[PDB]
Amino acid sequence: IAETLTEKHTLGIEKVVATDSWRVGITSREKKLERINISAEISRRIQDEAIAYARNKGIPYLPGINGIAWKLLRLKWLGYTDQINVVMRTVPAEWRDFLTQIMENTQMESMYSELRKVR
Amino acid sequence: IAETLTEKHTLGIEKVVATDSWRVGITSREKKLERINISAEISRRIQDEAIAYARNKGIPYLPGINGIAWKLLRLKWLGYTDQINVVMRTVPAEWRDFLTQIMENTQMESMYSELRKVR
Amino acid sequence: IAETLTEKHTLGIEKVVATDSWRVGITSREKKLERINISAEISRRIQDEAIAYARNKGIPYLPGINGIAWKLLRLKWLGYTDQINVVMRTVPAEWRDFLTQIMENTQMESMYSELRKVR
Amino acid sequence: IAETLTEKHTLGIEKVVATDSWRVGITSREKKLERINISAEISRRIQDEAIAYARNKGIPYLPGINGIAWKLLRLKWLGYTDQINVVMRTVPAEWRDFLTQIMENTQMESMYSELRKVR
Amino acid sequence: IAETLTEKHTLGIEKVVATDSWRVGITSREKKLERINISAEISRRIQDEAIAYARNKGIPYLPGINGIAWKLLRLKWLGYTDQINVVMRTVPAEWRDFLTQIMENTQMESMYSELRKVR
Amino acid sequence: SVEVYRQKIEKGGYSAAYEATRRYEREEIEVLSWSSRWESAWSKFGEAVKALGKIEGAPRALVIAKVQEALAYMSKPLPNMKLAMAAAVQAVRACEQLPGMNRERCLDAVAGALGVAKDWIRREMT
Amino acid sequence: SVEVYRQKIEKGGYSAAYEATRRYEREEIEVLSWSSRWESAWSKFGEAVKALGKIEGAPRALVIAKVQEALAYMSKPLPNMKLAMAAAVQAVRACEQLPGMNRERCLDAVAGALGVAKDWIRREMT
Amino acid sequence: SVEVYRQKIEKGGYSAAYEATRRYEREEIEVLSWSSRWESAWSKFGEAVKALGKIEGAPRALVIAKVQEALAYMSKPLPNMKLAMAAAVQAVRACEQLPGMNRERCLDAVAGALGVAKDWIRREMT
Amino acid sequence: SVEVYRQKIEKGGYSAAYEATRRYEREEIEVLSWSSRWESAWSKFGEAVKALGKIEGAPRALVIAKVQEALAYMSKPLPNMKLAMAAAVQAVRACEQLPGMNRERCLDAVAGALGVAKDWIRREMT
Amino acid sequence: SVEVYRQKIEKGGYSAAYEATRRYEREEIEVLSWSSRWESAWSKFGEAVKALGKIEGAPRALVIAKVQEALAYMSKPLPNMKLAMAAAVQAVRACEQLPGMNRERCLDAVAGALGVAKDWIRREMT
C-alpha cells in the first residue's frame with residue numbers, strides 16, 4: 001500500500017523480531033566483542049588518572065572530563081586537529097594540561113591501546 | 001499510540017519483569033558486590049569512634065553524626081572543599097573536632113578503605 | 001489477465017518465495033562465497049594504508065578515500081583509463097598520491113588479490 | 001564436500017591421531033635423535049664463553065647473545081657471508097669480538113661439532 | 001547408473017579400501033623396496049659434494065642445486081642431451097661446473113649407483 | 001567485561017521490549033502506579049536543570065549535579081536551608097572557572113534555578 | 001557446472017511459475033510494494049537507454065553501461081556531476097571506436113541520453 | 001567473512017521480509033511507536049544535509065558528517081554552541097581542500113545548513 | 001631407509017585418511033581450532049611468495065626462503081627492521097646471480113614482496 | 001639429553017592436546033579459575049613490553065627484562081620506588097650501548113614504558 005520512511009523503519013524492525021536477527025547478530029561475530037573489553041580498560045586508565053591529577057593540584061574533581069579526554073584521544077588518532085583546538089579553549093584553564101597529558105604524555109599506553117581496539 | 005515520559009518509565013519496567021533482568025543484573029556482577037562489604041565496615045568504624053568521642057567529653061551522643069562524618073570523607077576524596085566548610089559551620093561546636101578526626105586523623109585507616117572500595 | 005513489467009517483477013518474486021530458490025541459490029554455490037573473503041581482505045589492506053598515509057603528512061583522515069581507491073583498482077584492472085583521469089582531478093591535491101599508491105605502489109599485493117578474486 | 005587449505009590442514013591432523021603416527025614417527029627414527037644431544041652440547045659451550053667474555057672485560061652479560069653467536073656459526077657453515085655482515089653492525093661494539101670468536105677463534109671445536117651434527 | 005571419469009576414479013578407490021589392496025601391494029613386492037635404499041644413498045652423496053663445492057669457491061650454498069643435479073644425472077642415463085643443454089644455461093655460471101661434476105667427474109660412483117637401481 | 005554483557009543479551013531484551021510496546025497500543029497495559037508517583041515528584045527537578053541553559057562552555061555536569069543536590073534539601077518535609085547552601089556554593093565555584101563565566105553571572109543562574117535570593121548564596125561564599 | 005543446475009531443477013520452478021500465474025488471474029495476488037517502488041526509480045533509466053538506438057555497429061554494452069552509470073550519479077539525493085562526467089567520457093571514447101561513428105555524433109547520442117549540454121562532456125575529454 | 005555471512009542467511013530473511021510486507025498491505029500491522037519517535041527527531045537532520053548539494057567535487061563524507069555532528073549539539077536540551085562550533089570549523093577546513101571550493105563558498109554551505117550566522121564560524125577559525 | 005618406511009606403512013594411512021574424508025562429508029567432523037589459528041597467521045606469507053613470479057631462471061629456493069625470513073622479523077610483536085634487512089640483502093645477492101636478473105630488477109621484486117621502500121635494502125648492500 | 005626427551009614423548013601430548021581442544025569446542029570444559037587470576041594480573045606487563053617497539057638493534061632481552069623487573073616493584077602491595085629505580089637504571093645502561101640509541105632516547109622508552117617522570121631515572125643514573 002504505502003512506502004514512506006516511517007513504515008520502512010517499522011517493516012525493517014518487523015523482520016528482525018520475526019527471524020531473530022538481533023541475538024544472532026551479536027553471537028555470530030563474537031570476535032569484535034573484545035572491543036568492549038579494551039574500551040572498558042581505557043576508561044579506567046583515564047578515570048584513575050583524572051582523580052590523581054585533581055589531588056596534586058588541590059582542585060575539585062570535574063566530572064565529564066573523562067569524555068572530553070577520550071574524545072580528543074580518538075580525534076588525535078584520526079587527525080582532526082582543529083577540532084581539538086576549539087575544545088581546548090572550551091575546558092577550564094587548569095584542566096588544559098590534563099588533556100594534553102592524555103593525548104601525548106600517555107601516548108605509549110593509551111594511544112597504543114586504541115590501535116589494538118580498531119584492529 | 002503514545003510516547004510521554006510517564007509511560008517510558010512504565011514500559012521500561014515491563015521489559016524488566018518479563019525478561020527477569022533485575023535479578024540477573026545483580027548475580028552476573030559478583031565483583032561489584034564486595035563494595036557492600038567495605039561499606040558495611042566503615043559504617044562500623046565511624047560509629048565506634050562516635051560513641052567513644054562522646055564518652056571522653058561527657059557530651060550526649062548525637063545520632064546522625066555518622067552520615068555527616070561519612071559525607072565529608074567522600075567529598076574530601078573528590079576535592080569538594082568548600083562543601084566541607086559550610087557543613088562544618090552547621091554542626092554543633094563540640095562535634096567539629098570529631099569531623100576533622102574522621103577526615104584527617106583517620107586518614108590511613110578510613111580514607112584508604114574508601115580508596116579500595118572505588119577501586 | 002495482465003502482463004506488464006510491474007506484474008512481471010511481482011510474479012517473479014512470488015515463485016522465489018514459493019519454491020525457496022533464494023536460499024538454495026546461495027547454499028548450492030560454495031565457490032563464489034570465497035570472493036567475500038578476498039573482498040574483505042583488500043578493504044582492510046586499503047584502509048590501514050589510508051590512515052597511515054594521513055599520519056605521515058599531518059592531514060586529517062578523509063573518509064571515502066578507501067572507497068575511491070578501490071574503484072580505481074578495479075577500473076585499472078579492466079583498462080578504463082580515461083575514467084581514471086577525471087576522478088584524479090576530482091579528489092584533493094594531497095590525496096592524489098595515495099590513489100596512485102594503491103594502483104601502482106601496491107601493484108604486487110593488491111592487484112594480485114583482485115586477479116585471484118575474479119579467477 | 002569442500003577442500004580448502006583450512007580443511008586440508010584439519011584432515012591431515014585427523015589422519016594422524018587416528019592411526020598414531022606422531023609417536024611412531026619419532027620412535028622409528030632413533031638415529032636422527034642423537035642430533036638433540038650434540039645441539040645441547042654446542043649450546044652449553046657457547047653460553048660458558050659468553051660469561052667468560054663478560055667477566056674479563058667487566059661488561060654486563062647480555063642475554064640473547066648466545067642465539068646471535070649460534071646463528072652466525074651456522075650461516076658461516078652454509079656460506080651466507082653478507083648475512084653475517086649486517087648482524088655484526090647490529091650488535092654493540094664490545095660484543096663484536098665475541099661473535100667472531102665463535103666463528104673463527106673456536107673454528108676447531110665448535111665447527112667440527114656442527115659438521116658432525118648435520119652429518 | 002553413471003560411468004564418467006570422476007566416478008571411475010572414485011569406484012576404483014572404494015574397492016581398494018574394501019579388499020585392502022594398498023598394504024598388500026607394498027608388502028608383497030619386498031624386492032622393489034630396496035630401490036628406496038639406493039636412492040637415499042645417491043641423495044646424500046650429491047648433497048655432500050654441493051657443500052664441498054660451495055666451500056671451496058666461497059660461494060653461498062644454493063638449495064635445490066642438488067635436486068637439479070639429480071635430474072641431469074638421470075637424463076644423462078636416458079640420453080636426453082638437448083634437455084641438458086637448456087638447464088645448463090638456466091642455472092647460474094659458477095654452479096655449471098658442479099653440474100657437470102655430478103654427470104662426468106663422478107661417472108664411476110654415481111652412474112653405477114643409478115644403474116644398479118634401475119636393474 | 002563481555003561476560004556481564006553476554007548474560008543480559010540472552011534474556012531477549014530487544015524482542016521483549018517490542019512486545020510490551022505492542023501491548024500498550026492494544027490497550028492491554030495501563031500506567032503503573034510507580035510511574036504516577038515518579039512524575040509528580042520529579043517534575044520540579046526536570047524544569048530546574050533546563051534553567052541552566054545559559055551557562056556555556058566546558059563539562060557542566062558539576063554545576064548541574066550540585067543544583068539538583070541543593071534543590072533536594074529544600075524539598076524534604078523538614079527542609080534544611082543550611083545544607084542546601086552547602087552544595088549551592090560549590091555550584092557557584094564550579095561554574096566560575098569556565099571560560100566566559102563570571103562570579104556574578106553564575107550567581108544569576110544558580111539562584112534563579114533554585115528560586116532563592118542571590119544574597120543568600122553570597123553569605124556563604126566568603 | 002551441472003551440480004548447481006540440478007539443485008534448482010529439483011525445486012520445481014516450471015510448475016510453481018504456472019501456479020502464481022493462475023493465481024494472479026483469479027485476483028488472489030496483488031501488486032507487491034517492492035514492485036511499485038521499483039518502477040518509480042527505474043523508469044528514468046529505461047527511457048534513457050532507448051535513446052541510444054542510433055548508435056550502430058559492434059558490441060555496444062560499454063556505451064550502454066556507462067550512460068546508465070553516469071545517470072545514477074545525477075539522480076542521487078546529493079548529485080555529483082564531477083563523477084557523472086567521469087563515466088560519460090568513457091562512453092564517448094568507447095563509442096568513438098565503432099565503425100561508422102564520429103566523435104561529434106557520439107557526443108550527440110550520449111549528451112542526448114543524459115540530457116546535458118554537449119560541451120559539458122567536451123570539457124573533460126581533453 | 002563467510003561464516004558470519006552464512007549465519008544470517010540461514011535465518012531466512014528474504015521470505016520473512018516478504019511475508020511482513022504482505023501483512024502491512026492487508027492492514028494487520030500498524031506503525032510502531034518507535035517509528036513515531038524516530039521521524040520526529042530525525043526530520044531536522046534529513047533536510048539539513050540536503051542543503052549541502054551545491055558543494056561539488058571529492059568524497060564529501062567529512063563535510064556531511066561534521067554538519068550532522070555540529071547540529072546535534074544545538075539540539076540538546078542544554079545546547080552547547082562552543083562544541084557546536086568546534087565540529088563546524090572541521091567542516092569548513094575539510095571543505096576548503098576540494099577542487100572548486102573556496103573558503104568563502106564553504107562558509108556559505110556550512111553556516112547555511114546549520115542556520116547560524118557566518119561570522120560565528122569565522123571567529124573560531126583563526 | 002626401508003625400516004623407517006615400513007613402520008609408517010603398517011599404520012594404514014591410506015585407509016585412515018579415507019575415513020577421515022568421509023566423516024567430513026557426513027559432518028561428523030568440524031574444523032579444528034588449530035586450523036583457524038594457522039590460516040590467519042600464515043596468509044601474509046602465502047601471497048608474498050607469489051609476488052616473486054617474475055624472478056626468472058635458476059633454482060629460486062634461496063630467494064623464496066630469505067624473503068620469508070625477512071617477513072618473519074617485521075611481523076613480530078616487537079619488529080626488528082635491522083635483523084629483517086639482514087635477510088633481505090641476502091636474497092638480493094642470491095637473486096642477482098641468476099641469468100637475466102639485474103641487481104636493480106632484484107631490488108624491485110624483493111621490496112615489492114616485503115612491501116618496503118627500495119632504499120632500505122640498497123643501504124645495507126654496500 | 002634425549003633421555004628426558006623420550007619420557008615426555010611416551011606421555012602422548014600430541015593426542016592429548018588434540019582431544020582437550022575438542023572438549024572445549026563441545027562445551028565440556030570451561031575456563032579454569034587459575035586463568036582468571038592470571039590475565040587480570042599479567043595484562044599490565046604485556047602491554048608495557050609492547051611500548052619498547054622503538055628501541056632498535058641488538059638483543060634487547062636485557063632491556064625487556066629490567067623494565068619488567070621495574071614494574072614488579074611498583075605493583076607490590078607496598079611498593080618500593082627505590083628498588084624499582086635500581087632495575088630501571090640497569091635497563092638504561094643496557095639500552096645506550098646499542099647501535100643508534102642515545103642515552104636520552106633510552107630514557108624516553110623506559111620512562112614511557114614505566115609511565116613515570118624521566119628525572120627519577122636520571123637522578124639514579126649519575
# chains A, B, ... in the order shown; residues from 1 in each chain; ligands from 1

$ calpha_fit_rmsd --fixed "chain D" --moving "chain A"
0.3 Å

$ select_by_dssp --residues "chain H" --states "alpha helix (DSSP H)" --output "PyMOL selection string"
chain H and resi 2-9+13-25+33-49+61-74+81-96+103-114+118-125

$ interface_residues --of "chain H" --to "chain G" --cutoff "12 Å" --atoms "only C-alpha atoms" --output "ChimeraX atom specification"
/H:17-26,46-47,49-61,64,98-100

$ interface_residues --of "chain D" --to "chain I" --cutoff "6 Å" --atoms "only C-alpha atoms" --output "PyMOL selection string"
chain D and resi 1+6+10+15+19+28+83+86

$ interface_residues --of "chain D" --to "chain E" --cutoff "6 Å" --atoms "only C-alpha atoms" --output "list in words"
residues 78, 79 and 80 of chain D

$ write_last_selection --atoms "N, CA, C and O atoms" --output "PDB file, in the first residue's frame"
ATOM      1  N   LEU D  78      77.036 -22.590   6.080  1.00  0.00           N
ATOM      2  CA  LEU D  78      76.351 -22.601   4.794  1.00  0.00           C
ATOM      3  C   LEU D  78      77.083 -21.736   3.781  1.00  0.00           C
ATOM      4  O   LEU D  78      77.298 -22.150   2.640  1.00  0.00           O
ATOM      5  N   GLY D  79      77.472 -20.533   4.184  1.00  0.00           N
ATOM      6  CA  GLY D  79      78.219 -19.652   3.313  1.00  0.00           C
ATOM      7  C   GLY D  79      77.519 -18.341   3.035  1.00  0.00           C
ATOM      8  O   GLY D  79      77.734 -17.732   1.986  1.00  0.00           O
ATOM      9  N   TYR D  80      76.682 -17.889   3.962  1.00  0.00           N
ATOM     10  CA  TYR D  80      75.884 -16.682   3.749  1.00  0.00           C
ATOM     11  C   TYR D  80      76.603 -15.522   4.417  1.00  0.00           C
ATOM     12  O   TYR D  80      76.249 -15.094   5.511  1.00  0.00           O
TER      13      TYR D  80
END

$ residues_around --residues "residue 69 in chain A" --least-positions-apart "2" --cutoff "12 Å" --atoms "only C-alpha atoms" --output "PyMOL selection string"
(chain A and resi 42-43+45-47+49-50+62-67+71-76+84+87-88+91+95-104+106+110-111) or (chain F and resi 59)

$ decode --residues "range 78-108 of chain A" --atoms "N, CA and C atoms" --output "mmCIF file, in the first residue's frame"
data_model
loop_
_atom_site.group_PDB
_atom_site.id
_atom_site.type_symbol
_atom_site.label_atom_id
_atom_site.label_comp_id
_atom_site.auth_asym_id
_atom_site.auth_seq_id
_atom_site.Cartn_x
_atom_site.Cartn_y
_atom_site.Cartn_z
ATOM 1 N N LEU A 78 42.720 10.051 14.424
ATOM 2 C CA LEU A 78 42.227 10.253 13.069
ATOM 3 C C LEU A 78 42.918 11.432 12.400
ATOM 4 N N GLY A 79 43.127 12.513 13.137
ATOM 5 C CA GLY A 79 43.879 13.630 12.612
ATOM 6 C C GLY A 79 43.075 14.906 12.566
ATOM 7 N N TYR A 80 41.939 14.921 13.249
ATOM 8 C CA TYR A 80 41.060 16.085 13.235
ATOM 9 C C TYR A 80 41.625 17.069 14.246
ATOM 10 N N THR A 81 42.536 17.921 13.784
ATOM 11 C CA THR A 81 43.368 18.700 14.692
ATOM 12 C C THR A 81 42.803 20.069 15.036
ATOM 13 N N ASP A 82 42.023 20.695 14.156
ATOM 14 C CA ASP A 82 41.376 21.945 14.541
ATOM 15 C C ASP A 82 40.037 21.686 15.209
ATOM 16 N N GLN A 83 39.569 20.441 15.166
ATOM 17 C CA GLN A 83 38.532 20.011 16.092
ATOM 18 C C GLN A 83 39.061 20.018 17.523
ATOM 19 N N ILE A 84 40.360 19.747 17.696
ATOM 20 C CA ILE A 84 40.965 19.701 19.028
ATOM 21 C C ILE A 84 41.059 21.098 19.626
ATOM 22 N N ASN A 85 41.486 22.075 18.818
ATOM 23 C CA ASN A 85 41.890 23.379 19.342
ATOM 24 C C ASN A 85 40.705 24.171 19.878
ATOM 25 N N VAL A 86 39.512 23.919 19.350
ATOM 26 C CA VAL A 86 38.347 24.658 19.817
ATOM 27 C C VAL A 86 37.796 24.033 21.093
ATOM 28 N N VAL A 87 37.986 22.724 21.265
ATOM 29 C CA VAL A 87 37.617 22.084 22.525
ATOM 30 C C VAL A 87 38.608 22.459 23.618
ATOM 31 N N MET A 88 39.868 22.684 23.242
ATOM 32 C CA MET A 88 40.877 23.055 24.226
ATOM 33 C C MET A 88 40.664 24.472 24.745
ATOM 34 N N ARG A 89 39.948 25.308 23.991
ATOM 35 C CA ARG A 89 39.564 26.613 24.517
ATOM 36 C C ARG A 89 38.298 26.528 25.354
ATOM 37 N N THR A 90 37.610 25.392 25.317
ATOM 38 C CA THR A 90 36.299 25.292 25.944
ATOM 39 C C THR A 90 36.398 24.855 27.400
ATOM 40 N N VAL A 91 37.355 23.993 27.721
ATOM 41 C CA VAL A 91 37.544 23.455 29.068
ATOM 42 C C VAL A 91 38.149 24.544 29.951
ATOM 43 N N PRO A 92 38.108 24.442 31.286
ATOM 44 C CA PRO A 92 38.757 25.464 32.117
ATOM 45 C C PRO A 92 40.273 25.413 32.010
ATOM 46 N N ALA A 93 40.901 26.397 32.651
ATOM 47 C CA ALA A 93 42.312 26.675 32.410
ATOM 48 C C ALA A 93 43.209 25.613 33.029
ATOM 49 N N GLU A 94 42.903 25.195 34.257
ATOM 50 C CA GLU A 94 43.772 24.255 34.952
ATOM 51 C C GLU A 94 43.641 22.832 34.438
ATOM 52 N N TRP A 95 42.636 22.539 33.618
ATOM 53 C CA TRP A 95 42.476 21.201 33.077
ATOM 54 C C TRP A 95 42.995 21.059 31.659
ATOM 55 N N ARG A 96 43.560 22.119 31.076
ATOM 56 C CA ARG A 96 44.123 22.010 29.734
ATOM 57 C C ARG A 96 45.369 21.141 29.742
ATOM 58 N N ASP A 97 46.090 21.137 30.862
ATOM 59 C CA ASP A 97 47.314 20.354 30.948
ATOM 60 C C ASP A 97 47.001 18.872 31.103
ATOM 61 N N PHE A 98 45.810 18.554 31.607
ATOM 62 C CA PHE A 98 45.408 17.156 31.700
ATOM 63 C C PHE A 98 45.057 16.596 30.333
ATOM 64 N N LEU A 99 44.491 17.429 29.462
ATOM 65 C CA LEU A 99 44.041 16.946 28.162
ATOM 66 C C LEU A 99 45.220 16.667 27.244
ATOM 67 N N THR A 100 46.259 17.498 27.310
ATOM 68 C CA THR A 100 47.473 17.192 26.568
ATOM 69 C C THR A 100 48.275 16.081 27.223
ATOM 70 N N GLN A 101 47.968 15.751 28.479
ATOM 71 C CA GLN A 101 48.613 14.628 29.142
ATOM 72 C C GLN A 101 48.016 13.306 28.690
ATOM 73 N N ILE A 102 46.710 13.284 28.432
ATOM 74 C CA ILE A 102 46.057 12.097 27.900
ATOM 75 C C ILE A 102 46.504 11.820 26.472
ATOM 76 N N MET A 103 46.569 12.854 25.638
ATOM 77 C CA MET A 103 46.883 12.678 24.221
ATOM 78 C C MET A 103 48.357 12.352 24.008
ATOM 79 N N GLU A 104 49.243 13.060 24.705
ATOM 80 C CA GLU A 104 50.673 12.945 24.456
ATOM 81 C C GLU A 104 51.441 12.266 25.578
ATOM 82 N N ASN A 105 51.229 12.658 26.834
ATOM 83 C CA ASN A 105 52.041 12.089 27.907
ATOM 84 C C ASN A 105 51.567 10.698 28.316
ATOM 85 N N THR A 106 50.480 10.208 27.725
ATOM 86 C CA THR A 106 50.144 8.792 27.737
ATOM 87 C C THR A 106 49.956 8.308 26.305
ATOM 88 N N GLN A 107 50.904 8.675 25.441
ATOM 89 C CA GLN A 107 50.932 8.160 24.077
ATOM 90 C C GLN A 107 51.199 6.663 24.056
ATOM 91 N N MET A 108 52.191 6.222 24.819
ATOM 92 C CA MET A 108 52.678 4.855 24.744
ATOM 93 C C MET A 108 51.667 3.855 25.286
#
